[PDB]
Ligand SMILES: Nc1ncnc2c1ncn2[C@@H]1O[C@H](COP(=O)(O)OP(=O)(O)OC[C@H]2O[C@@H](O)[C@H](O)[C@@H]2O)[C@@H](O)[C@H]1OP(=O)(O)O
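Shown here is one chain on its own, the form deposited without the named molecule, set out as structure tokens.
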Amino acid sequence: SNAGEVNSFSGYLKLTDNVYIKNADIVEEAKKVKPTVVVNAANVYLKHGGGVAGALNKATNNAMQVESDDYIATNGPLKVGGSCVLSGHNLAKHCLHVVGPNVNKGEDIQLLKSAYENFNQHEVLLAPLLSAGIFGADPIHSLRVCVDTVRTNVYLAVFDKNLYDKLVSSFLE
């Protein structure tokens, strides 16, 4: 890897005492920062074909999917709102696979609070906005649940510049 120190976050905007945000690609952030923990936007079967999960898995050259398939065959699926800790491969020491509700598929948005409570077992995390994208939840709402629920230090990477700008505007109202 590059020779930088681990957990080297740069250029984030501090929103609260423990929540930070950056307009960035989470894969490029993982490579630059070398965090202890990267959060995956997982589904219950740990099938990483799409969304953030697909980007993370591709950046591990499919090692994340191989490990996840081995895990599920023995250990069974996660629950919505739940998490597991598997290897971070080349991206991080650990990957916290967190299942936000998929409101495009009828799941209860209330489970987003449970989803973010998984972050509180880790002192500092690189993460995407939970339940965004293929999961269908309103990103402004997801940021509010994050701020209200996470107590540990979270560094959120949002790649779409227009969505970033709307999140920051929303939060500063």
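Take the two forms, find the largest set of C-alpha atoms that superpose within 1.5 Å, and that set is the rigid core. In this text, residue numbers run from 1 along the sequence as written.
- With 82 to 90 and 99 to 107 as candidates, the stretch whose CA atoms show the greater average offset from this form in 8 other deposited structures of this protein after a core fit is 99 to 107.
- After superposition on the rigid core, the larger root-mean-square Cα deviation in 8 other deposited structures of this protein belongs to 131 to 139, not to the other of 114 to 122 and 131 to 139.
- Between 127 to 135 and 27 to 35, the higher mean Cα B-factor belongs to 27 to 35.
- Here the stretch with the larger average CA B-factor, out of 102 to 110 and 115 to 123, is 102 to 110.
- For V150, the recorded CA B-factor ranks within the middle third of the chain. Only modelled residues enter the ranking.
- In this PDB entry, the Cα temperature factor of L156 sits in the bottom third of its chain's modelled residues, the lowest group.
- Ranked by C-alpha B-factor against the other modelled residues of its chain, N90 falls in the highest third.
- Placement of the Cα temperature factor of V44 within the chain: lowest third of the modelled residues, per the deposited record.
- For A55, the recorded CA B-factor ranks within the middle third of the chain. Only modelled residues enter the ranking.
Omitted from view is the form solved in complex with the named molecule, to which the following refers.
- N43 belongs to the set of residues with a heavy atom inside 4.5 Å of the named molecule in the entry with it bound.
- By the criterion of a heavy atom within 4.5 Å, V145 is excluded from the residues contacting the named molecule in the entry with it bound.
- Put simply, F135 is close to the named molecule in the entry with it bound: some heavy atom of it is within 4.5 Å.
- Under a 4.5 angstroms non-hydrogen atom cutoff, the named molecule in the entry with it bound lacks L125 among its neighbouring residues.
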